[PDB]
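Okay, so here's just one chain, in structure tokens, the form deposited in one PDB entry.
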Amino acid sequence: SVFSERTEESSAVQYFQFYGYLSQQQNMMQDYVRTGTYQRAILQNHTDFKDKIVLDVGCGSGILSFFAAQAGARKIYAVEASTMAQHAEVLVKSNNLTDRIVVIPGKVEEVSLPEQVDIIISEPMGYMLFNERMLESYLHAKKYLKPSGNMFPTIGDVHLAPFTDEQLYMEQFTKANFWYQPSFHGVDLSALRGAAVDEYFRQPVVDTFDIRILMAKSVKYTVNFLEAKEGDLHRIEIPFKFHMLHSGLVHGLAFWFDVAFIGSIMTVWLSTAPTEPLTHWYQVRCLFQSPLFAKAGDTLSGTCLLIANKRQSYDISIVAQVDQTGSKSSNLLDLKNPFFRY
């Protein structure tokens, strides 16, 4: 299948094992911004659901399918590949909805659906939007979507902005300097210090921060889920030209995302921005190896290149320069192995 071809088995096993835990479902469900917004998006756009056929991609415990049911869906196919599928079945029976919600265990790339659907619902967003590569499963599911069918969410906006955080930058060196000692219990560890620094710099930092560290208005990269193909997410090139609002050292780029549910009655937004209440997605920061000095009114230009890998994540390549001085910085980061700093 399409899933198996783009995914290493060792990664898939661990991934679905993780999503098998009720504790993880509870964690997601307790995020009121997440759960409450999905409910509002679905219920306030009830005419998009009333007597319609629905597909729920990666349904977990089934919450979104129950929201679809509350909004009057005739039939809902809830697909889930983890062992959570069996717990969803239990809930469907206990809530007397066996006639309306049909749980289908398996990958959405592998299962068969009996009929085409009017609307697809899912929560395919990982850290930095793209992590987990579930957006591709969501897009793959459009083979089951009728012409003029809708998708919830309809679009996703990834936001990038440059930040200054001297303490975050310096912390990498302080940690690595453990190895810069000539007699640790009689052993000279200094030769490994450079390797430790490299290791810490490969890790994107998952944490939140005060918005006062942001040095320019964000640049937005939009994926329209109605129009996009799976293929569009294998190589994601995000050019940026930031107009600097403050002078100082730029230590890296900060990432967050919004999604929009574009219904017939209204558009509802779910934001993970640092200006908004914290979600279980937090925000993500990728450091530069060396900070770039910019003055207010300079432009900081470059590219963020995300290359999909077989571990259900991305290799991140960031190149940036201050156009006025020609000072340049790169970094290469492994999105699969983030540092949780919070």
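Here the rigid core means the biggest group of C-alpha atoms that line up within 1.5 Å when the two forms are laid on top of each other. Residue numbers here begin at 1 and follow the sequence given.
Of 48-56 and 271-279, the stretch whose C-alpha atoms average the higher B-factor in the entry: Averaging CA B-factors over each stretch, the winner is 48-56.
Mind pulling up the entry and telling me whether 182-190 or 142-150 has the higher mean Cα temperature factor? In the deposited entry, the stretch with the higher C-alpha B-factor mean is 142-150.
Candidate set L129, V197, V205, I265 [ranked by C-alpha B-factor, highest]: Going by the entry's C-alpha B-factors, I265 comes out highest.
Among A254, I101, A176, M125, single out the one with the highest C-alpha B factor in the record, please. When the deposited C-alpha B-factors of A254, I101, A176, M125 are compared, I101 is largest.
Would the CA B-factor of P114 place it in the lowest, middle or highest third of its chain? Its C-alpha B-factor, which the entry lists for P114, ranks in the highest third among residues of this chain.
In terms of the CA temperature factor given in the entry, to which third of its chain does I155 belong: lowest, middle or highest? Tercile = middle for this residue's CA B-factor.
In terms of the CA temperature factor given in the entry, to which third of its chain does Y32 belong: lowest, middle or highest? Its C-alpha B-factor belongs to the highest third of this chain's values.
What third of the chain does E227 rank in for C-alpha temperature factor, lowest, middle or highest? Highest third.
How does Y169 rank on Cα B-factor within its chain, lowest, middle or highest third? Within its chain, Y169 is a middle-third residue by C-alpha B-factor, going by the deposited values.
What comes next is about the form deposited in another entry, which is not displayed.
Shifts of 2 Å or more at the CA atom, core superposed, between this form and the one not shown: which of the listed residues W269, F209, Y180, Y200 is the one? Per the superposition, the moving residue is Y180.
Core-aligned C-alpha movement of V90 between this form and the one not shown, 2 Å or more: Moves: no, less than 2 Å.
Large Cα shift (2 Å or above) at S190 between this form and the one not shown, core-fitted: For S190, whose C-alpha is compared between this form and the one not shown after core superposition, the shift is 2 Å or more.
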